[PDB]
Amino acid sequence: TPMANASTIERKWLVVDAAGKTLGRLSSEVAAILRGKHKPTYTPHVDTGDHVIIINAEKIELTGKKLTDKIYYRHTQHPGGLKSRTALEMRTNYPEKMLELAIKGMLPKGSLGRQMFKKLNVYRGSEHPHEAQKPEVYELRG
Amino acid sequence: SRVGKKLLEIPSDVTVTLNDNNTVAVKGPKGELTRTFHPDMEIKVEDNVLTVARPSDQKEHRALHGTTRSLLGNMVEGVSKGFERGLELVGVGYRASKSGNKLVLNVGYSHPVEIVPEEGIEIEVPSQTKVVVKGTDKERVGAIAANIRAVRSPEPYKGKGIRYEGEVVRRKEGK
Amino acid sequence: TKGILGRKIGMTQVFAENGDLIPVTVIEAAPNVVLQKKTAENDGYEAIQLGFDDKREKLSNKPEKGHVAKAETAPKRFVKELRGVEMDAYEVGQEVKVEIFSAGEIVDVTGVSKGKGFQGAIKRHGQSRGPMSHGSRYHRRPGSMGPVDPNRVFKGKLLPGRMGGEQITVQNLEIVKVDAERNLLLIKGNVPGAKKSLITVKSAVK
Amino acid sequence: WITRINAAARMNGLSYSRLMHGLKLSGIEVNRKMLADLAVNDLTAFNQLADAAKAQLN
Amino acid sequence: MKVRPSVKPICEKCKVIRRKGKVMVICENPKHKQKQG
RNA sequence: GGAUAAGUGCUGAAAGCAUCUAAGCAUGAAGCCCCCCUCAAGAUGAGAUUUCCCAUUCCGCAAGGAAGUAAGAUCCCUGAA
RNA sequence: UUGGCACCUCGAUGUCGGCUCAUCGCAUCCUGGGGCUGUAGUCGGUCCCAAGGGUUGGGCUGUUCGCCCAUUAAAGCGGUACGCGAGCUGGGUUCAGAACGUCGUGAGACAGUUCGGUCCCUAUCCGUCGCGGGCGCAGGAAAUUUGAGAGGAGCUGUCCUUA
């Protein structure tokens, strides 16, 4: 007989900044926070997460040759319809899909996936419109 | 027997300025040149003596210890005396002159060819045969003169067109 | 970086100073009035909106009145919009006649092309047909659908539907003669659109 | 049950490992990961069970 | 060119220099120009 | 136009020289991404401006509900671009 | 491809060749870029980067192939149930009818040959082309758009001048 919290959750607003880190390990512990797996009242089905705002996403880094290698493949449905985009292409043209697509794979799939995915947003530069909620500052474990 | 382990000296008229982490500006009579280096390298400047030191002996530090010296060695030569590269053209109808700064090539084509000294580099034309590009940066003066050779590379049957000062051209004897 | 809009009538055949006869449309553009000057500081882009027809009383709506009546000239039926003009030349309410154009420049023409209704996969996509004899019961049909194994038909194979009606542009046309005293533009070529249908008349990128 | 004990541990700096390996040496305690969460929702008393194992980590 | 996987220097004055990830033979003779890959 | 592929380059070590390299740069193709044109906010991330209509009558304690309207639209009817 | 193995299919998976609609790979036939050449020049040979676009019209053959005629800048190869028969044709083998040669005393045979021979269906679901009705879009309604995102188009020869 455990406690299954359902919509009685004090949600939260954390901000994780993107100064110079690797977007795998910067999406790593954000994705646990997007479901709130750090929170002690974790039910696995009623979205116990909290909202995450990322600032300065275009200034995020990659070791190795991944600035040129990791081609981001999207596909149409029309025949022969792949559209290749490299990393530096995603980096400078528009990077507001460059951390979203690195977390869309990392949030679990289903109807609850997109429901948790609405809690995410990413702003290029130092916009942070969001002056009405008192957002907090979070620092990752590494 | 090493490139990097000896020293460099400031003879006169040169104020090498250790300014930032790596941006070191070198001023003087021919020009005022700047260069960013790698932050692991440590370059200390004595009384008109230039010393370059690396932290360890690694695959990184073998490469950078010779280059950062030799680039500064080139920055000494450009600020003190500069650089110049002459270009002799060979042939019959081949000729060249300037329209102010713009080098005009009446070389072999159905059109003239324009060359722009973009970053303030002296292109001195003593005659229709010889053209001298004079400046301060080997990565600029050597860079521009190569693209001048890219306008008309020499051919091994009759060596014609753009050619360096003592450029020994391969000779094919095709009948 | 300009443009007015008018109403197609039909072809003529006009002489141009030689034996050279030119196919000529008759575009009449009663003098268009700018209804709103959209700025980049609030709308996020640089554009302008024309207007063209003499609306009646009963035709107009009240929101079509209050949009006009700021620069109160007249309610006008058709509203279109031109990205990328000189905004520094115009003000809200300025009457624009045919005086822009001459009889010698490269001129772009968009429009609303005609209709053909539900007519299918020969006239709608130009495809051929099977032979009309040698026992074949196949003609006028859209071809095979595809190979076996992908189990579906690919999005990009063509099929019967409703030909025409879409918006279609013809680039790099040219104006034969400018007759601005009846607000008439004469453009060299066949311009899409049926009788009494509306056409934007830009200046093309040569 | 186990990821809630993770979540109670990272507000204490510990792992799931250093709790359960700690509680085998803190006491020889039997706390049967269901009812470990029932102390988590009384978190003021839970960390006295946690930091006692942290002292028994060292 | 000569582009073949069994790159090896031919004459006395051939030099074997590794460029851009590949291994090249650069000599006086342009006929000696070999490159694996 | 932008960034490159093969090349073609400079500069320049490691490895006093040489070296189109590891740093630092420039070129370079009917390729690639925009530029051209059409489609497109159900882009559930549902955008953005322009004006109009305004906060009415009843339950109900509220929450909520219905029932006449505004702006406009429909049934319907003469119609074919 | 010629083939091995007999695993799915003999309570049926209709099989070659052309017509219809094309799509995909690159070991490229043209077009773009180049490197070397026994590259004078004009043609060329050869590897390399290139898949965006194109790839002719006929006589014979059931033809695929190939020969041939005539062009073209080029006449590419290969999939995709040797693509496509609930889209089409039935010439081809492979039904009985007929005949020739040979085999067999014989009935009859023959991937040897010749002549003639019914190709069925009204579309549930997914899939496409097109159109619409509802609600959504924390008020209702009227017009215009930014553009996420997609698609189409993306081939080139002769001649003039430099000469």
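All residue numbers refer to a per-chain count from 1 along the written sequence rather than necessarily to the numbering of the entry. Residues that lack coordinates are not shown. Chain letters and ligand numbers both follow the written order, the letters beginning at A and the numbers at 1. Only a portion of a larger assembly is shown here, and every reported value applies to that portion alone. Only heavy atoms go into the side-chain values, all of them from the structure, while hydrogens and water stay out.

Going by the annotation in the PDB entry, the name recorded for chain D is 50S ribosomal protein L20, with Bacillus subtilis given as the source organism.

In the annotation of the PDB entry, chain A is listed under the name 50S ribosomal protein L13 and assigned to Bacillus subtilis. UniProt positions are given in the numbering used here, feature names are shortened, and annotations may be inferred rather than shown by experiment. Quoted verbatim from the Function field of the UniProt record, the comment on chain A reads "This protein is one of the early assembly proteins of the 50S ribosomal subunit, although it is not seen to bind rRNA by itself. It is important during the early stages of 50S assembly." The annotation that UniProt attaches to chain A under Sequence similarities is "Belongs to the universal ribosomal protein uL13 family."

Asks: Before we go on, may I ask you to explain the nonpolar core in this structure?
Replies: We define a nonpolar core as any set of buried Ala, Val, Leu, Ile, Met, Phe, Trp, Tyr and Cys residues linked to one another through side-chain atoms lying within 4.5 Å. Categorising residues by exposure relies on relative accessible area from a 1.4 Å probe, with only protein chains included: less than 20% of the type maximum marks a residue as buried, more than 50% marks it as exposed, and the intermediate range marks it as partly exposed. Of all hydrophobic cores here, the largest spans 25 residues; its most connected members are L34, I60, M98 and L99 of chain A. Secondary structure is summarised from DSSP: a helix means a run of H or I of at least four residues, a strand means a run of E of at least two, and numbering begins at the N terminus for each. Mapped onto this core, the elements with two or more residues apiece are β1 (13–17), α1 (23–35), β2 (51–55), α3 (87–92) and β5 (120–123) of chain A. No other element matches the five residues that α1 of chain A contributes to this core. Those residues within four positions of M98 of chain A in sequence are excluded, and the remaining contacts are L23, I60, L62, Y72 and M90 of chain A. Grouped together as the second largest cluster of nonpolar side chains are 20 residues, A96, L103, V107 and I121 of chain B included. We call two residues in contact when some of their heavy atoms are within 4.5 Å.

Asks: Is there a simple way to think about the interface of chain D and chain A in this case?
Replies: Size of an interface, as often reported, equals the accessible area lost when the parts are brought together. Opposite the seven residues of chain D that make contact, chain A presents nine residues. Once two parts are joined, some of their accessible surface, as seen by a 1.4 Å probe, is lost; buried area is that loss totalled over both. For the pair chain D and chain A, the two sides together bury roughly 900 Å², of which 57% comes from carbon and sulfur. When the area that chain D buries against chain A is broken down by residue, the three leading residues are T3, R4 and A7 of chain D, summing to 50%. In the sections that follow, a salt bridge refers to a side-chain nitrogen of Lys or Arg positioned within 4 Å of a carboxyl oxygen of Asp or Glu. Summed over the shared surface of chain D and chain A, the number is zero salt bridges. Residues adjacent in sequence count toward polar contacts only when both atoms are side-chain atoms; beyond that, a polar contact is any pair of N or O atoms within 3.5 Å, and within protein one must be able to donate a hydrogen and the other to accept it. Linking chain D with chain A are two residue pairs in polar contact, by the criterion used here. At three residues, the largest contribution of residues to the side of chain D that touches chain A is made by helix α1 (residues 2–10) of chain D.

Asks: What exactly am I supposed to notice about the packing of aromatic side chains here?
Replies: Aromatic ring pairs: the centre-centre distance and the angle between the two ring planes describe each pair. Between rings of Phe, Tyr and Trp, where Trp is taken as its six-membered ring, a pair exists when centres lie within 6.5 Å; planes separated by under 30 degrees are stacked, by over 60 edge-to-face, and by other angles tilted. For the coordinates displayed, the defined rule picks out zero aromatic pairs over all chains. Note on geometry: a ring has a charge over it if NZ (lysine) or CZ (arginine) is within 6 Å of the ring centre and within 35 degrees of the ring normal. In this structure, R152 of chain B packs its charged tip against the face of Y109 of chain B, placed 3.9 Å from the ring centre. For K2 of chain C, the ring lying beneath its charged end belongs to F101 of chain C, and the centroid distance is 5.3 Å.

Asks: Teacher, can you tell me more about the protein's contact with RNA strand F here?
Replies: Note on definitions. A residue lies near a molecule or strand when any single heavy atom of the residue is within 4 Å of it. Around RNA strand F sit 36 residues, and of these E139 of chain B, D43 and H67 of chain C together with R19 and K35 of chain E come closest. A breakdown of the atoms of RNA strand F within 4 Å of the protein gives sugar and phosphate a share of 77%. Residue composition of the surface near RNA strand F, grouped by class: seven nonpolar, 13 polar and 16 charged. Any residue outside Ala, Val, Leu, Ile, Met, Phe, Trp, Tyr, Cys, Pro, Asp, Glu, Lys and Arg is labelled polar, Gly included; the first ten of those are nonpolar and the last four are charged.

Asks: Please explain the protein's contact with RNA strand G as it appears in this structure.
Replies: With respect to spatial proximity, 54 residues lie near RNA strand G, and among them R74, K83, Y94 and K97 of chain A together with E81 of chain C are the closest. Backbone atoms, meaning sugar and phosphate, form 82% of the atoms of RNA strand G found within 4 Å of the protein. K172 of chain B places a polar side-chain atom, nitrogen or oxygen, 2.8 Å from a phosphate oxygen of RNA strand G. Contact distances for RNA strand G include 2.8 Å between a sugar or linking oxygen and a backbone N or O atom of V153 of chain C.

Asks: Would you mind going over the pairing of strand β7 (residues 83–90) of chain B with me for this structure?
Replies: Every other side chain in a regular strand lies on the same face of the sheet, so the side chains alternate between the two faces. All names here are of chain B. Pairing between two strands is assigned when DSSP locates at least 2 bridges connecting them. Pairing of β7 with strand β12 (residues 130–135) involves six bridges; the strand directions are antiparallel. What sits directly across from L87, in β12, is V131. Bridging between β7 and strand β13 (residues 161–163) involves three bridges; their strand directions are antiparallel. By the bridge assignment, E88 is partnered in β13 with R163.

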